[PDB]
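As structure tokens, the next two blocks hold two forms of the same chain, structure 1 and structure 2.
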Structure 1
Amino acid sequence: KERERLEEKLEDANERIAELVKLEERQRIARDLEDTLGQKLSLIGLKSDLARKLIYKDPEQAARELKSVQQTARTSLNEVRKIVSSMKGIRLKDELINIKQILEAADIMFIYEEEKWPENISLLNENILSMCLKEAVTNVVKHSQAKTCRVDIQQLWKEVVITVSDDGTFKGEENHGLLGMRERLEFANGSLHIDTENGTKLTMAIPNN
């Protein structure tokens, strides 16, 4: 099929656009990481070179220098544990706690029971779902006039499926966050469906193993 070589061209085109955004990102990370760890790592080299070169001449000073290397490494590694944690984003377990707080503060009954919790999801897909879950619940709070909100989070077959249901009334037209969620799910080869009959129910799915 010619449709296969054209599918190739859209794949090759998308990747070219993608590599440029990744290149901007590598450039941002590389500059900031150096700005925060660069001198610390160079200080370990110098103080380690200096301590080696004093071992025989001034063992007392070599020891003083090694104490400094010891703590530079320790605190640089503590900064990395921070960097690395931040870079990974909003965990779904943490978002579920945020939505419980938000719904309680809004006097909306939150109904949730852990069933089929995803055993392993990519950090990316987990972060996408967190974003969508937050928005689904922001919409419930801002618009629905619901008294109850039902959240289901389950690994069904090769998907993680999230349903957010409320017993309020849908305020939109026949056809922002709703397109935002759909686009971000669809980017991940997921989906968003909505039912607005008896309140509002959002069914979001994203691939997973």
Structure 2
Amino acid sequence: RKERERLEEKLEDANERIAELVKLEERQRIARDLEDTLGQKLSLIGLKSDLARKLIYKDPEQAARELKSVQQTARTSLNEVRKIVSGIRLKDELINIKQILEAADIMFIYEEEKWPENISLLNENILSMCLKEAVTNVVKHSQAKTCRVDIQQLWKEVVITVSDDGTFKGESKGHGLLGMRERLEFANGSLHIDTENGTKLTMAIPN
């Protein structure tokens, strides 16, 4: 009866254990790739910066040449730190809304795991914008104590629901509700609202 659950747990732990080693193996790799990229590049920046400063008056033309390399190696090195990964922007919006809701003393109810990993980068960016606005509305208007965000891959759509337990305050052009609907509809998506038990927004976009 409960030995099912006992063994099931034992399996998940032994699985989570192997994960840590894989993590640590990739971590070991990343560190080696950093010391070979970042290290050499940061060391080079310092030296060329030193040299550039030492040639300001002696040979400003060379100092300028060196300062161009310094600005270039810096831009690439930052670009190389971004090149550890390919991507998800909706995961960054998730962090923003957690901070905003906590700062507003509104309990945030969500699940990091369910987040859809496949959606076009455009549709992902549209959803990020709409998720931000739905939560801005919760903070500004609802007087909610709780906000629930659901993100689900349902058939050929990504569906995001933002619900709160406050009270709807509305009875328009240039504002968020119509703005989100128009942007979503242009993307062959939709926005629906339920204002009975607080406010619940259901936003869908093709995927």
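Counting starts at 1 with the first residue of structure 1 and goes up one by one along its sequence. Only residues modelled in both forms are compared. Rigid core here is just the name for the largest C-alpha set that superposes within 1.5 Å across the two forms.
Here the rigid core is superposed between the two structures, and of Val80, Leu124, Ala106, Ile111 the C-alpha of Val80 is the only one to shift by 2 Å or more.
Comparing the forms between the two structures, the C-alpha position of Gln145 differs by less than 2 angstroms, with the core used for superposition. Superposition of the core reveals a Cα shift of 2 Å or more for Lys22 between the two structures. Taking the rigid core as fixed, one finds a CA shift for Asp58 of 2 Å or more between the two structures. Once the core is aligned between the two structures, the alpha carbon position of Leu10 differs by 58.1 Å; this is the C-alpha shift at that site.
Here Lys158 exhibits a Cα shift of 0.5 Å between the two structures, evaluated on the superposed rigid core. For residues common to both forms, superposing the rigid core between the two structures reveals consecutive runs of 3 or more with all Cα shifts of 2 angstroms or more at 1-85, 114-117.
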